[PDB]
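We call the chains A, B, C, D, E, F, G, H and I, going by the order they appear; numbering starts again at 1 in every chain.
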Amino acid sequence: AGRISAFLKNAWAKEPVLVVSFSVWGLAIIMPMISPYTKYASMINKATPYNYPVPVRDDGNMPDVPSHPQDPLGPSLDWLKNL
Amino acid sequence: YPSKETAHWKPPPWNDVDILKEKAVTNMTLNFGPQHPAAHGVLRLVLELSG
Amino acid sequence: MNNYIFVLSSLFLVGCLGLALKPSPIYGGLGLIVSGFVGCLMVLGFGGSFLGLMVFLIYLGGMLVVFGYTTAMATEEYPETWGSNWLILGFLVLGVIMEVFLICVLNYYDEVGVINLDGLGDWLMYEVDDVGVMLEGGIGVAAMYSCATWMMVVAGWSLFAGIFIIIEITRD
Amino acid sequence: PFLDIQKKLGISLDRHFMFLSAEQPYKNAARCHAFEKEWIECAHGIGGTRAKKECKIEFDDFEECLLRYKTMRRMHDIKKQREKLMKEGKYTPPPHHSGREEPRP
Amino acid sequence: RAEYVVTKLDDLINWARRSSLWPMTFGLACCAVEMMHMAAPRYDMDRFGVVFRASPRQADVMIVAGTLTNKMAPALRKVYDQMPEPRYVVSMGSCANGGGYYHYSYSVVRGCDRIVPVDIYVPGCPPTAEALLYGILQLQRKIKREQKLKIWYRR
Amino acid sequence: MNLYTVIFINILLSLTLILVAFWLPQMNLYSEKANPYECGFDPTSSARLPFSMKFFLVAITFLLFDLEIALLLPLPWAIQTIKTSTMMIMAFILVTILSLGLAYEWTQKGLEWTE
Amino acid sequence: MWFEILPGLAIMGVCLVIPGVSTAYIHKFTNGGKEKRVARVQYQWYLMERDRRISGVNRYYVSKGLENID
Amino acid sequence: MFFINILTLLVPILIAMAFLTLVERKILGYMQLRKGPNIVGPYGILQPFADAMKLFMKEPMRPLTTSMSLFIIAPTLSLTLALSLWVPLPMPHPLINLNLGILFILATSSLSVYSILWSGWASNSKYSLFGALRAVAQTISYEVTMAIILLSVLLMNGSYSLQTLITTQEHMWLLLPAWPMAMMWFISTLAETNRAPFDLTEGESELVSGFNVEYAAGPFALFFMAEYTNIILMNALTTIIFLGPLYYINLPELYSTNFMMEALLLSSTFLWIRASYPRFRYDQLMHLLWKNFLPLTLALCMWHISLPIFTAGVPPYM
Amino acid sequence: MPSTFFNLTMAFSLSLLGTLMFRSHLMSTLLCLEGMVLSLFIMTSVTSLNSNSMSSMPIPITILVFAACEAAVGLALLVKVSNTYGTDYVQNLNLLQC
């Protein structure tokens, strides 16, 4: 649109602070929704170990959890290592 | 039921507005005396100021 | 070094007594600044520093705007500090004597155990996790962003509605 | 009165921080978590007058944990007797209580 | 010897007061035009350590530079009185010295020494900025000669 | 204890400086010297009259924005949360409504110093 | 000329260098050749208190190694 | 040893601010086609000492219409807050290590504003009242802007500490990631220090001396010391936050030297600004901040909220 | 802790007495209100820190926000009172009795 472009160009010439602020507001809204790294922040904060990992009893019916830290089982952090 | 302790009262106005004008704002009087740097050495600029 | 918090609490009581005794609002704001600093020190001594620093900053801004307003409109030719009336000073020292009398009475009456002279400074911090990370104050105030979003949104709406409220009150 | 739109809609606006033993930020406790847990588990389902009557043991334990009046009185009695014995000369404190102790990790 | 120590201490305080002279931002006329020409980059009074201060509470010497009118004289006396105690007066130009060109006027105080005690008189109409700087340095020497601690010690 | 000692040392230093300033020099006090300044004339008023500031609405808005600051300040610990999506949304909403309040006040000429 | 300001600039320079360098050296001297060992959290404070109890001279900075174990 | 550390922090800072007065006079003179003081010292280096001795040997001149308690309390308060504000700065190891160092800085700055306000109201004069009200307006504007700026920058950082700022700026400055915040923070430090262009509290031309117009020598020197100490401190805080000096674990002397060089450069930048620009009006300062910096810093605070989330670059807690 | 809590409760009581006993100054009444607010903030913060109720630590921030909102409204009303009369006197605003 001609009127919209002329208004935006006049605003960019005369008040180039509100234009920058609205553009930065829109960029800060849009950018988390299109970035591929958004899930990684939550996963990093999940993987950060602020508490002791309380061990569970060995009933012999869970094969998913490991038996020792030097095991292939468990949530390995190779994604963070290679990130 | 007016008594001696409430005989001096008045009914409220119909529109809840009454004249209570004071006009006692008392704008501050400050003199740019003949020592101010802004004054040109010799000037007593008496200023009525509202702040 | 045990009765440090008690000394701070007594100073807070004195500052609130002066604020109650109602000087000119310049000195009222002074007394509230002193009381805010003292309460900040009390919170810092009891634990996390974020709450004390927050209330200190907030009351600094508040008493600054209060100072501007009492200069603008809530002023008089002779703003009484405390000595315009001898009754105010006599009542301040009377309240101080009553404070000393009541704490001595509650130390003598040690059955309930609200105030004890020998046991002062012994029960300030009850139990703390000696080994541990992320257990200080401010983590909960951060948890307002994630665990109490209702608290966050009612505070935000209070400030927003307050902007509209103050504009409509002072619209004139 | 007390509307229950939070129970009707199933949401929890302010219900997860009603008491001490409820959803601390990282994994922490609130210094009386076990006592408050026992008191609430006692009082649930029988609430009101019955909870006031036959959960008095759990409530007294929780109130003692939170306020520590009896521990304060016991410690004050011990220290008062100790000071009386110090005045009467019949007590000498051990090295670990008064002065140099052997520190262990 | 107490006399030697007192003399050296008095020399120290005189050096301080003469190296830090703060005149007041106060002039009246063409003589004050020459005063700010003494403030100009050529004869740098700030190089000499002489720097104007607007308030009389932060001033040390009043440079009476201009014609002291009758209407002006209470203001000049009040401003001089409002200075702190070690204060000096440099009269500058013929008007402040003895009235000058307006000596027989109905509205001119015949010399500012009728109003304030004058330490140094600087002649001219106007005195050059060099001449005013000469008067300032002569004032510095005059307060270098002062012996307050020694007079106190022999008092 | 260390910070307490440094605070007390600075306070004692300032007190020592002002005590030196008050007991060192020679005093000569009279009425015209200690009168209020007022640019070389007697003051008309008492300098305690009402002043009538012109930015009172801006001051009240400053109070509200200072409490919005107090709300916004735990963000460095808030970004360490495990959810981070509700955290990001809540921070966006808070900053947006603060900006909307500022924009509404600007449009309604609140920060314009009404004389 | 313009280089006449350099004496005052150099005096300010040495007066700004002195506090940080002196603080680091005083920290080293007081802590025995190591840094201050700041404790932001209770875990770090517990480590300091445990070190103070382990050393036996009531000084946390006296580090004890494998010579204590036979 | 700790009192020796206090001395080696306090005494060099006081000598640094006295020679900051000397450097200011000489830099302003050489930008004004003249010299600075070169007679009192060998190169003018004894001029601040002569000024200090003259101010402390003039009488303090207590006035009649004056609340004496606040009139005496305010300058001592200003000086002790300036030194207390100097306490927690790391170069690279602080005298007092605080977790919430920036919050401590903000609280102490607001209390210094209170010192100025109490002096202005206690010295019962109209020009002092004018200076106090101008201080109120100025601190409203820069307080809200400074709080937002520090929030966004320390969101880019981790905690509210300053050794964490050193470790953050170990590889690269914070000026390159957030330079608009650095510009607005520089302007806000000017407003906090009450320096030119927008001094407006000791306005020599609009007012006579502002809030110092009734303060004679002594406590006036205390106010001047507090102001110039705050100048050096705000420049030091700016170079710690934004222009991160090189840090190496083996030797901190190059960190101290780099911090010194950048702090000297920013102090000379303050004197440069004073020589260059005229004064704002104090309503124009409020309009400028609340209409240009505050919307832009709100938007940039939102951008720095979003940035570590969408880049996964959330800083560590420690 | 119980001695400090008793002192804080007495400080709140003193600020309440200040609020109830007027002395010619609406601004001083608002000051007493904010003293009550500060006492409540310190009480809540000390209680939460003593009980380790980090989940209830947002409560002092909430009361501070709402207290500053009410202080804002009170300052606006004081501005309107001063515009009406020019003195800000609680005895001067009395004309609603009839």
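Some notes on this structure:
Here, contacts are C-beta pairs under 8 Å (C-beta built on N, C-alpha and C of every residue); 3 or more make two chains touch, one makes a residue touch a chain.
With steps allowed only between chains in touch, the distance from chain B over to chain F comes to 1. Here F is the chain whose Cα centre lies closest to the centre of all protein Cα atoms.
The chain pair with the larger count of C-beta pairs in contact, out of D-I and C-D, is C-D. Rounded to whole angstrom, the centroid-to-centroid distance between chain C and chain E, based on C-alpha atoms, equals 53 Å. Averaging Cα coordinates per chain places chain E and chain F 40 Å apart. Chain centres here are Cα means. That of chain D falls 48 Å from that of chain H. Inter-chain spacing, taken between the CA centroids of chain F and chain H, is 15 Å. Looking at chain C, residues 50, 54, 57-58, 61-62, 65, 68-69, 71-73, 113, 116, 123, 126-127, 129, 132-136, 138-144, 147-148, 151-152, 155, 159, 162, 166, 170 sit in touch with two or more other chains.
Touching two or more other chains at once are residues 16-17, 23, 25-26, 28, 31, 72 of chain D. Shown for chain E are the residues that touch two or more other chains, namely 25, 54-57, 75, 79, 85-86. The part of chain C that touches chain G in the complex is made up of residues 128-136.
Chain E meets chain H in the complex at residues 12-13, 15-17, 19-20, 22, 25, 40-42, 44, 46-49, 51, 53-55, 57-58, 60, 84-86. The residues of chain I lying in touch with chain B in their complex are 84-86, 95, 97-98.
The part of chain D that touches chain G in the complex is made up of residues 103-105. Against chain I, the residues of chain C that register as touching in their complex are 5-6, 8-10, 12-13, 15-17, 19-23, 25, 28-29, 32, 35-36, 39, 42-43, 46-48, 51-52, 54-55, 58-59, 62, 65-66, 69-70, 72-74, 95, 99, 106, 113-116, 120, 123-127, 135, 137-141, 143-144, 147-148, 151-152, 154-155, 158-159, 162, 165-166, 169-170, 172.
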